[PDB]
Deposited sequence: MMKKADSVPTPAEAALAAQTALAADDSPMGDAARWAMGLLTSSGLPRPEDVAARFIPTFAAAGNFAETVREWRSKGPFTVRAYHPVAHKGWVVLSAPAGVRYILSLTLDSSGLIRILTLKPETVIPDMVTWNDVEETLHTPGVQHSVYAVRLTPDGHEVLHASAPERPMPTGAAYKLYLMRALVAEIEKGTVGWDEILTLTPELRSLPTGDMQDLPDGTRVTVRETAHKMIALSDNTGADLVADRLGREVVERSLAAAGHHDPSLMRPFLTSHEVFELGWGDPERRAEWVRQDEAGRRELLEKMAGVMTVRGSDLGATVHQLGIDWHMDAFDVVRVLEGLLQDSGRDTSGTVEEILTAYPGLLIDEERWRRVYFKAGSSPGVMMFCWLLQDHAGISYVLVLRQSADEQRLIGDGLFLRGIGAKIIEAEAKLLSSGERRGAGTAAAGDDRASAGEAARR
């Protein structure tokens, strides 16, 4: 088991040797912090990306020593020690060609090693935050509950809704009303905000249903999700919540697009008061009227709106059901297309000798964080873990490394917590 000096050395060597988009970006960002030029910056970041002042302030906190390095596809984390035992984390999020979309340097997110489920509960609890943890083993005859806190509580789940969108899509593929190689087309009206990269494509860009669905899940691409929802139609997306496991489908009807959550949640306050006042008919009518090119920008987001219904609400059982349904859908798809999409991005570095397959999905919105995994071993034993937080203030939740890291520690301690 690596001692402190061993782990920091291994992290440092791995960062230097990491021949990948994350390795390239992580090494470059570390150089900004440890060395002594607007063109080289602009070339490292997304085209639509103050920063000089940001970097100056970062550098004032050093010198930094690399203590841990956690590359995970387009997401990365570097744990740094500064003078006097003070630790920070550098977080990277990349686009599809390895340009930096998000780069932060923040106080360290501390997650202790978990021995018991009570460790989990006591670590996670935050006054003013509602949380829920649900862990099950799936069996032919129902689910064995390993741990449960508030699974029956419906909570906002952000892009976890894209699990239902995926199931709706597979349902239509099986019916032959849509094809994996059918072409979807990006239009101004169909463009949404990040998470994702597809919004950065030119108007009129032609993309397959397959690659759109891949990015919708793997990159949580909001524009990719909105492209699929547009192609399927809202009625088809909705008329599948009942089939695909949902305790109260009325909570997601109308089943909002990401464009719609963004535009309604952070646009015109009167239009938002109209939603709150309206019944299902008036809300469908409001959304039809709102249809068009977004006016809301990422800079407008902040206040929480999930408490108004402007999010996607589900209970922990619903999340287990849709993941279990996806497992089944994947198994029926002899082409492996569904499986490849579901497994591309497991959200963590996974022990592949232990786990044959891992599905993952996150959701986040102001005041909302969630992570869920389905992990199946090589004997075919499946576990699902569902972690959720909601609050009236986004600062009580933070950037989601906490909740993800809790999952990470649970999964690390699987022989204690999951498979004991």
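Residues of the deposited sequence lacking C-alpha coordinates, counted from 1, fall in the stretches 1-7, 44-46, 60-63, 435-458.
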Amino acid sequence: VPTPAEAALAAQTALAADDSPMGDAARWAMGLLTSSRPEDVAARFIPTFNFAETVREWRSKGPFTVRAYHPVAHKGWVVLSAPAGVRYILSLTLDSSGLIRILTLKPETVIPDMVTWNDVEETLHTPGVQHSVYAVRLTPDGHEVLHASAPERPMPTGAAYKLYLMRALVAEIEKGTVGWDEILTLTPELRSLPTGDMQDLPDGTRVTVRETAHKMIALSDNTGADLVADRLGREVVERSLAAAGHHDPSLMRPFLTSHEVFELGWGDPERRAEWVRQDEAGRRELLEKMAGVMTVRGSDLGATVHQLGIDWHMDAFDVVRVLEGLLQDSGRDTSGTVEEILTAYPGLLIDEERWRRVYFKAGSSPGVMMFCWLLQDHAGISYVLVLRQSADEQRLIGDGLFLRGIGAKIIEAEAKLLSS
From here on, numbers count along this sequence of modelled residues.
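With 404-412 and 15-23 compared on mean CA B-factor from the PDB entry, the stretch scoring higher is 15-23. Looking at mean Cα B-factors across 283-291 and 314-322, the upper value is held by 283-291. The maximum CA B-factor among the listed residues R167, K106, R271, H214, taken from the PDB record, is found at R271. When the C-alpha B factors of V261, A243, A135, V110 are read from the deposited coordinates, the top value falls at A243. Sorting the modelled residues of the chain by their CA temperature factor places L348 in the lowest third. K75: CA B factor lies in the lowest third for its chain, per the PDB record. Annotation for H147: C-alpha temperature factor in the middle third relative to the rest of the modelled chain, per the entry.
In the PDB entry, a CA B factor belonging to the middle third of its chain's modelled residues is recorded for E339. Per the deposited record, the Cα B-factor of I100 falls in the lowest third when ranked against the other modelled residues of its chain.
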